[PDB]
Amino acid sequence: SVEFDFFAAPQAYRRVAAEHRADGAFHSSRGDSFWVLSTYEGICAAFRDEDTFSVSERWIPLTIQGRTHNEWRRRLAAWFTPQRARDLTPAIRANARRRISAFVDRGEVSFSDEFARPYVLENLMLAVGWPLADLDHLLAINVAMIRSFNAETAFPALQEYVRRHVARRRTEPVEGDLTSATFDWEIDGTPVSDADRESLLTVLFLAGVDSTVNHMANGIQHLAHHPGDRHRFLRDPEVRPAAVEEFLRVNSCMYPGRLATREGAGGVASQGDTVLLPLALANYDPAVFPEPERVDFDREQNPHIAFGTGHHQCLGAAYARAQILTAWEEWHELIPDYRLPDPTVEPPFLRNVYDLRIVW
Ligand code: HEC
């Protein structure tokens, strides 16, 4: 066992795994203790076997499993398809262009604070049906949560907001609006409760901004430091979708948890153990991704699981992809050449509280 803190950065996960993993996992004695799976095949299998690796608070749909979870996903699917993402892409594109245009003349920006976070949140609000006049309010909630408004009142403010949104749509339902649609939903033969409605809307808010923003930021930070890759992205548009997938692989950092239900789970765990599924290890397994630390837009096999796999695979994957690609497209139209302030120091992986300054 090792005294390993699961709040560690991806690089730390990978170093600890390199030194301590055997049989596809290492064990942490920290806190209540937990296993960390370290292989692509083992993590994929765990995501795909909920009878062995359980997800079971009530956060819809993240913490429910079985037939009720499948029914929630069926009801939600229409608002999160690739076709819906395409339908919304002219709005996403105009959003990116408007925002980047407003700071091109400065020659600098704090990428995530001034651009990516309000961009992504605006896009989320459009998809979910939250009035865009509320963006500044919701942005303040989101920022207070990152910087943990403040730690005490941020989440209560979000809870009041979703309660008020439900009440707005119940008074004036809108055809095609997600919240309005849920007033007609049944799950397991029972009308959806306002408590589950509020849970769903809360999960969408908490899931739908930060991961997208930080993938946008870590990707542009790499391009700003690597002129060869920047030039490739700029001059070879056909490679851009592959580049987005390669950055999703490389910049993965979530570590979804599961509860082992049986002896020998994953080859290593026992009944009652917490098991973590770090995407920073799955997506860097050299058995599947040779030279895993290398950003290679031409990587021939990129079966990454940046969005998970199995039944809980990210609902927002198509929408996140559209936002990242579109933002980087519009960025390179207006700002084809750019750099980090000191372009020859190795920058850190961006997570939690950071300030990504780009100049041009
Ligand atoms: C517009 C909403 C939205 C966006 C954008 C979004 N997500 Fe998700 N994500 C969700 C929801 C909702 C779930 C829960 C799905 C479920 O439990 O069935 C989820 C689940 C996941 C999971 C699985 C967690 C588990 O326990 O299995 C991963 C991993 C994930 N998202 C990664 C990402 C990444 C990476 C991005 C952006 C680069 C992203 N998500 C963007 C809504 C979103």
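We're numbering straight along the sequence, starting at 1.
Taking the six-membered ring where the residue is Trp, the centroids of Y40 and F289 are separated by under 6.0 Å. Annotation: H222 is in aromatic contact with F247 [ring centroid separation under 6.0 Å]. Under the 6.0 Å cut-off for aromatic ring centres, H165 and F205 do not qualify, their centroids lying 6.0 Å or more apart. Aromatic pair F26/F4: centroids less than 6.0 angstrom apart.
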Audit row: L126, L88, side-chain contact (heavy atoms from CB on, under 4.5 Å) steps and yes/no | CA-CA 8 Å; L126 184 58; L88 296 172; 3.8 Å; yes
Take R299 and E245, measure what salt bridge (charged side-chain N to carboxylate O under 4.0 Å, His left out) needs, and give me the verdict at the end.
-> CA-CA 10 Å; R299 184 171 293 275; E245 301 301 316; over 6 Å; no
Criterion salt bridge (charged side-chain N to carboxylate O under 4.0 Å, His left out) on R164 and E160, from CA distance to verdict = CA-CA 6 Å; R164 286 184 166 121; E160 263 288 335; 3.7 Å; yes
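The two residues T182 and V192 make their nearest non-hydrogen contact at O-CB, 4.2 Å. Considering every non-hydrogen atom in both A327 and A96, the closest pair reads CA-CB, 4.2 Å.
Looking at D194 and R163, no side-chain N of the basic residue comes within less than 4.0 Å of a carboxylate O on the acidic one, giving no salt bridge. Ion pairing between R232 and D298 holds under the 4.0 Å rule for side-chain N and carboxylate O. Ionic pairing of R258 and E50 is not present here: no N-O contact between side-chain nitrogen and carboxylate oxygen is shorter than 4.0 angstrom. Salt bridge status for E19 with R15: present, with a side-chain N to carboxylate O gap under 4.0 Å. One finds a salt bridge joining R230 and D337 here, because a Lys/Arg side-chain nitrogen approaches an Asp/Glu carboxylate oxygen to under 4.0 Å. At a threshold of 4.0 Å, the pair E122-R98 counts as salt-bridged, since one of the basic side-chain nitrogens sits closer than that to a carboxylate oxygen. A salt bridge is absent between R67 and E71: the closest approach of a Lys/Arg side-chain nitrogen to an acidic carboxylate oxygen does not fall below 4.0 angstrom.
Relative ring orientation between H69 and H311 is described as tilted, the plane-to-plane angle lying within the 30° to 60° band. Classification of the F103-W360 ring pair by plane angle, with boundaries at 30° and 60°, yields tilted. The aromatic rings of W59 and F155 sit tilted relative to each other, their planes meeting at an angle between 30° and 60°. Between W328 and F233, the two ring planes are perpendicular [angle over 60°; tilted spans 30° to 60°].
Counting only distance, with no hydrogens or angles, the side chain of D134 and the backbone of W130 share no donor-acceptor pair below 3.5 Å. The backbone N or O of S180 sits less than 3.5 Å from a side-chain atom of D177, completing a donor-acceptor pair. A donor-acceptor distance shorter than 3.5 angstrom exists from the side chain of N283 to the backbone of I305, with no hydrogens or angles considered. The backbone N or O of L340 sits nowhere less than 3.5 Å from a side-chain atom of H225 that would complete a donor-acceptor pair. Judged by distance alone, the side chain of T179 and the main-chain N or O of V166 form no donor-acceptor pair under 3.5 Å. In this structure, the side chain of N150 engages the main chain of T153 through a donor-acceptor pair within 3.5 Å. Remark: side-chain polar atoms of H312 are paired, donor with acceptor, to backbone N or O of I64 under 3.5 angstrom. The backbone N or O of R97 sits less than 3.5 Å from a side-chain atom of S101, completing a donor-acceptor pair. Panel note: side chain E114, backbone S110; a donor-acceptor pair is recorded below 3.5 Å. Between the side chain of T39 and the main chain of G42, a donor-acceptor pair closer than 3.5 Å is present.
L315 contributes atom CG, which lies 4.5 Å from atom CZ of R73 (distance to the nearest 0.5 angstrom). Atoms CG and CG, on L200 and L178 in that order, are 6.0 Å from each other to the nearest 0.5 Å. Distance OG/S112 to CG/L350: 7.0 Å, rounded to 0.5 Å. Atom CD1 of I324 sits about 7.5 Å away from atom CE of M216, to the nearest 0.5 Å.
Under the 3.5 Å distance criterion, with hydrogens and angles disregarded, a donor-acceptor pair is assigned to the side chains of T309 and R48. In summary, the side chains of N251 and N214 do not present any donor paired with an acceptor at a separation below 3.5 Å, with no hydrogens or angles considered. A donor and an acceptor atom, one from each side chain of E263 and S270, are located under 3.5 Å apart. Under 3.5 Å, the side chains of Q83 and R86 contain a donor-acceptor pair of N or O atoms. Side chains of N95 and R99: a donor-acceptor N/O pair is present below 3.5 angstrom, by distance only. In the model, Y284 has no side-chain atom that pairs as donor or acceptor with a side-chain atom of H304 under 3.5 Å. Donor-acceptor pairing under 3.5 Å is recorded for the side chains of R262 and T52. The closest side-chain donor-acceptor pair between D210 and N142 falls under 3.5 angstrom. Side chains of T344 and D342: a donor-acceptor N/O pair is present below 3.5 angstrom, by distance only.
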